[PDB]
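K.L.:
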Amino acid sequence: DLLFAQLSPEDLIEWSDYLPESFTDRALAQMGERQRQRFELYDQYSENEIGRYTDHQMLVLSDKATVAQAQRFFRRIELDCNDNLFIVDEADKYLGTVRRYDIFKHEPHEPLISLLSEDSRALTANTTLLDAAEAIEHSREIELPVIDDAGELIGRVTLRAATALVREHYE
Amino acid sequence: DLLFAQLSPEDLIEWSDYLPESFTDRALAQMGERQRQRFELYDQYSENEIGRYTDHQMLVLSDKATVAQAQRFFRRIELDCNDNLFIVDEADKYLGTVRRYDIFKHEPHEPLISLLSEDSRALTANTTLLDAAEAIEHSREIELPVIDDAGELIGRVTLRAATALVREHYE
Amino acid sequence: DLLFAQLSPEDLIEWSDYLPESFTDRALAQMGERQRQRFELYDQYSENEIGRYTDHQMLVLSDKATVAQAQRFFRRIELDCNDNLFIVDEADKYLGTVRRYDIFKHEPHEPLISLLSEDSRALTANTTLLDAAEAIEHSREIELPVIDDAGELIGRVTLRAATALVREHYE
Ligand SMILES: [Cl-]
Ligand SMILES: [Cl-]
Ligand SMILES: [Cl-]
Ligand SMILES: [Cl-]
Ligand SMILES: [Cl-]
Ligand SMILES: [Cl-]
């Protein structure tokens, strides 16, 4: 019957003018790392920025990875709305996307940096929720990467999440 | 069948002369945040100081909150022995207590800082266990706030806990 | 159906050339402290060093402890392959081992530092896996302490673990 188990990170954000920082910190310490992550996003991104609903869970590899690593990633992990994998450089800058279907057609020794999809777009974290939902919905993608204003890949948004956003903005 | 799951934070305190700090730290890292909190209190407050049995779980709001926030706090959280809410300033200094019964009689736009109970007492963390138990038992309160020697609200003690303390000091 | 719940700390190590540090850090933050410990060992010790398979779970006391503490440790904790307890100085340097059977024959007021077993060996963390397994198997011990190159007791290896290592190095 616990207290901090009864408050969401969103509650904390919404009540940031009224709760002592001490209380917020004890709440954060008692929550899951996933919930702390949600709090940091809500704290950085306002209610109509897609950054706020970004999911850090994703398939990502550095620009040193090969087809062999990508194939193994897709085979070893089960993830909702996933059929792409994101490539970053050593400063975490998003470089591009490789697709599952294409990467099972290449040789395993091939660097992923040489097989980046020509179609691949990323959302900026400041994109509006409805522009985000449109961008995923009217494409052939089931997820899109999200980058911050420094170019760093911070996470992804899924087609499933876009559906929620839309249905929210009806109700 | 785990080891650090078999040792309480109290065990660690009691054995602080005999366990390497390295062992204590690994134990603390493996425990829940609630258990780490218990350890810090036992580490700071000796066996006959009420600080040691202080509960950080409480209804608290800053002096910027209104009746509207207080009403919503009481309605959204279920907490043992709770019918008061504590107001602190921006340096976390305890200012006073508002009671549930009174705050459901005021207008929601009213600042809590203007409705502090005249009756409201706080225990100092160094109060003896039996003086603490008496103070809660022979009052009309079911909980009291505890402050440190800097004036900061560090937590509360409940009527239920006081009962335990008493029954302990019989046995 | 979570992602970081699907990757072991060993996976992370094996894929350290290919995952962004950002991804590794989020994975580590989401895992248990035990799993983070496993990662630090794999990160420090290579595949044929016993340090890598060291268990931090152990009975250890400082050189200020008495027989009374040791007796109580053995009686209050259930631990796999355990019938020894390790004594360290205040800088965590391994000094020696006391055995359960012997310490139940001494007076409780006696300092453990005066009852160190003459037989007691420790493995260096760089010992090969098969030399480690041999050392435990062909002795009268069911566990051995492991020390780092600074002399610090970092953990233990059990007879059970040695069996695994052997059976691994067959298959
Ligand atoms: Cl691989
Ligand atoms: Cl695998
Ligand atoms: Cl409110
Ligand atoms: Cl609510
Ligand atoms: Cl003892
Ligand atoms: Cl005990």
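Chains as they are written, first to last, in the entry's author numbering: chain A, 7 to 177; chain A', 7 to 177; chain A'', 7 to 177. A prime marks a further copy of an entry chain.
All C-beta atoms, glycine included, are put in the ideal place defined by N, C-alpha and C.
1. If you draw a straight line from the alpha carbon of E55 (chain A) to that of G102 (chain A), how long is it in whole angstroms?
2. For the beta strand (DSSP E) containing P151 (chain A''), name the first residue and the last one.
3. List, in order along the chain, the chain A'' residues whose C-beta lies closer than 7 Å to that of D31 (chain A')?
4. Helix, strand or coil for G102 (chain A)? Go by DSSP, reduced to three states.
5. In terms of residue numbering, what span does the alpha helix (DSSP H) encompassing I160 (chain A) cover?
6. Pick out whichever of A:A138, A:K111, A:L165 has its Cα sitting closest to the Cα of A74 (chain A).
7. Please tell me whether, using a cut-off of 6 Å, the distance from the CB of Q75 (chain A') to the nearest non-hydrogen atom of ligand 3 is below it.
8. Can we count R42 (chain A) as close to ligand 6, meaning its CB is less than 6 Å from some heavy atom?
9. Is any non-hydrogen atom of ligand 3 found closer than 6 Å to the C-beta of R78 (chain A'), if you look at the structure I gave you?
10. Within 6 Å: the Cβ of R82 (chain A) and any heavy atom of ligand 2?
11. Out of A:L8, A:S52, A:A35, A:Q36, point me to the one whose CA is closest to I19 (chain A)'s CA.
12. Whole angstroms are fine: how far does the CA of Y100 (chain A'') sit from the CA of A35 (chain A'')?
13. Hey, is the segment 82–89 of chain A'' in contact with the segment 30–49 of chain A', meaning 3+ C-beta pairs nearer than 8 Å?
14. Rounded to whole angstroms, what's the CA-CA distance from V94 (chain A'') to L159 (chain A'')? Just pull it up for me.
15. So, helix, strand or coil for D61 (chain A''), using DSSP?
16. Based on the DSSP secondary-structure assignment, which residues constitute the bridge partners of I93 (chain A)?
17. Within a Cβ cutoff of 6 Å, which residues of the same chain sit near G157 (chain A''), ignoring the five residues on either side of it in sequence?
18. What number of angstroms, rounded off, separates the C-alpha of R162 (chain A'') from the C-alpha of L122 (chain A'')?
19. In the segment 131–164 of chain A'', which residues sit with their C-beta less than 7 Å from some C-beta in chain A', listed in chain order?
20. With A76 (chain A'') as the anchor, note down where its alpha helix (DSSP H) starts and where it stops.
21. Could you name the residues of chain A'' that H62 (chain A) contacts, counting a contact when the two beta carbons are closer than 8 Å?
22. Could you tell me whether the segment 13–30 of chain A' touches the segment 141–157 of chain A, using the rule of 3 or more Cβ pairs below 8 Å?
23. Look up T130 (chain A) in the DSSP assignment and say whether it is helix, strand or coil.
24. Less than 8 Å between C-beta atoms, sequence neighbours within five positions excluded: which residues of the same chain meet that for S68 (chain A)?
25. Report buried or exposed for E124 (chain A), applying the criterion of at least 16 other Cβ atoms within 10 angstroms of its Cβ.
26. Can you tell me whether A33 (chain A'') is buried or exposed? The criterion is at least 16 other CB atoms within 10 Å of its CB, across all chains shown.
27. List, in chain order, every chain A'' residue whose beta-carbon is nearer than 8 Å to that of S68 (chain A).
28. Is the CB-CB distance between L129 (chain A'') and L150 (chain A'') below 7 Å?
29. With H, G and I counted as helix, E and B as strand and the rest as coil, what does DSSP make of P117 (chain A')?
30. My guess is that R105 (chain A'') and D89 (chain A'') are in contact by the Cβ rule of under 8 Å, so how many angstroms apart are they, rounded?
31. Going by other Cβ atoms of all chains shown within 10 Å of its Cβ, with 16 needed for buried, is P26 (chain A) buried or exposed?
32. Assuming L91 (chain A'') and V66 (chain A'') form a contact by the criterion Cβ under 8 Å, report the distance between their Cβ atoms to the nearest whole angstrom.
33. What's the call for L8 (chain A''), buried or exposed, on a 16-neighbour Cβ count within 10 Å?
34. For the segment 88–122 of chain A'', list every residue whose C-beta sits within 7 Å of some C-beta in chain A', in sequence order.
P.N.:
Let's see:
1. 22 Å
2. 149–153
3. Going along chain A'', no residue has its Cβ under 7 Å from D31 (chain A'), so there is no contact; the nearest lies around 11 Å.
4. strand
5. Premise fails: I160 (chain A) lies in the beta strand (DSSP E), 159–164, not in any alpha helix (DSSP H).
6. A:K111
7. yes
8. no
9. yes
10. yes
11. A:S52
12. 31 Å
13. no
14. 7 Å
15. strand
16. A:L67, A:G102
17. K99
18. 17 Å
19. none
20. 73–82
21. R32
22. no
23. strand
24. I93, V94, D95, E96
25. exposed
26. buried
27. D23, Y24, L25, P26
28. yes
29. strand
30. 6 Å
31. buried
32. 7 Å
33. exposed
34. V94, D98
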